[PDB]
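Peer 1: My structure is below; once you've seen it, I'll send some questions.
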Amino acid sequence: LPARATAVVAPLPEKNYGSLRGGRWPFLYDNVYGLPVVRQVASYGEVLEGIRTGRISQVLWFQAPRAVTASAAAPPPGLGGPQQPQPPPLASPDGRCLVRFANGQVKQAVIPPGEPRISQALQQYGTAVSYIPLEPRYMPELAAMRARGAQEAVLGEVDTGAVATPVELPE
Amino acid sequence: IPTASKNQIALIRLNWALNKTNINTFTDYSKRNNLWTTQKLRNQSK
């Protein structure tokens with residue numbers, strides 16, 4: 001049912017926005033997922049001025065999973081005990097974030113979580129600071145499900161194509 | 001965790017106990033014991 005087109009495409013010239021270097025990718029949508037790639041990159045001063053003037057409506061930081069041994073809410077897992085739930089995810093140390101403007105435009109930025117001037121502007125001017133939760137393939141709670149879906153079959157020609165991941169009702 | 005780690009944790013727990021019995025500070029030569037014990041026990045019959 002989906003398209004299966006294949007053509008020769010000339011990649012775009014490599015840019016240099018300063019904050020984020022490259023970006024050619026002549027397709028509007030990426031592979032794997034198929035969502036629109038955020039081609040626009042917002043600089044640090046532009047993000048600061050957009051927060052100050054109110055043109056920026058939201059800042060969403062990406063997240064990275066936190067190591068279990070980096071969790072201080074329990075005795076360390078080296079000591080014998082319960083397995084404990086996964087610690088809450090960290091903000092992304094690479095600083096990658098999406099900036100949603102008031103006109104609906106989404107831009108890319110590299111803002112370090114903990115930067116004084118940006119954090120002060122986001123505190124004073126009440127711009128909504130969010131954290132994108134995680135990917136299901138990068139969530140440590142769903143790592144077993146990702147591994148089982150990668151290392152096992154998907155249909156085994158058993159019935160037909162209409163469910164999602166039917167390990168309860170096998171294939 | 002390995003069985004050696006579990007045994008070591010058990011030995012640390014065994015050392016944690018017997019300190020929780022609160023007998024570690026008792027000394028038969030304490031001035032506190034010499035105040036009661038060796039004061040009624042020294043007069044004796046004589």
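In the structure tokens, chains take letters A, B, ... by order of appearance, with residues numbered from 1 within each chain and ligands from 1 in the order shown.
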Taking 6 positions as the minimum chain separation for residues in the same chain, which residues sit within 12 Å of segment 147-154 of chain A when counting only C-alpha atoms? Answer as a ChimeraX atom specification.
Peer 2: /A:136-141,160-167,169-171
Peer 1: Considering only strand (DSSP E or B) as DSSP defines it on the backbone, what residues of chain A qualify? List them as a list in words.
Peer 2: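 Taking chain A and keeping strand (DSSP E or B) gives residues 29, 36, 41, 56, 57, 58, 59, 60, 61, 63, 64, 90, 91, 96, 97, 98, 99, 100, 101, 106, 107, 108, 109, 110, 128, 129, 130 and 131 of chain A.
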Peer 1: If I take atom CA of residue 95 of chain A and atom CA of residue 111 of chain A, how far is one from the other in Å, to one decimal?
Peer 2: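 The value is 4.8 Å.
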Peer 1: Show me, as a Markdown table, the residues of chain A having an atom within 12 Å of chain B, each with the closest atom pair and its distance in Å, using only C-alpha atoms.
Peer 2:
```
| residue | atom | partner | partner_atom | distance |
| --- | --- | --- | --- | --- |
| A:76 | CA | B:1 | CA | 11.6 |
| A:77 | CA | B:1 | CA | 8.5 |
| A:78 | CA | B:1 | CA | 6.8 |
| A:79 | CA | B:9 | CA | 7.3 |
| A:80 | CA | B:1 | CA | 6.2 |
| A:81 | CA | B:1 | CA | 9.0 |
| A:82 | CA | B:1 | CA | 11.0 |
| A:83 | CA | B:1 | CA | 10.8 |
```
Peer 1: What does the distance from atom CA of residue 108 of chain A to atom CA of residue 61 of chain A come to in Å, to one decimal?
Peer 2: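 Atom CA of residue 108 of chain A sits 10.2 Å away from atom CA of residue 61 of chain A.
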Peer 1: Figure out the distance between atom CA of residue 17 of chain A and atom CA of residue 122 of chain A, please, to one decimal in Å.
Peer 2: 23.3 Å
Peer 1: Can you tell me which residues surround segment 34-49 of chain A at a distance of at most 9 Å, considering only C-alpha atoms, apart from same-chain residues fewer than 6 positions away, and format the answer as a VMD selection string?
Peer 2: chain A and resid 17 to 20 23 25 27 to 28 55 to 56 98 to 99 105 to 111 117 to 118 121 to 122
Peer 1: Would you please give, as number ranges by chain, all residues of chain B that DSSP assigns to helix (DSSP H, G or I) based on the backbone?
Peer 2: B: 3-16, 31-43
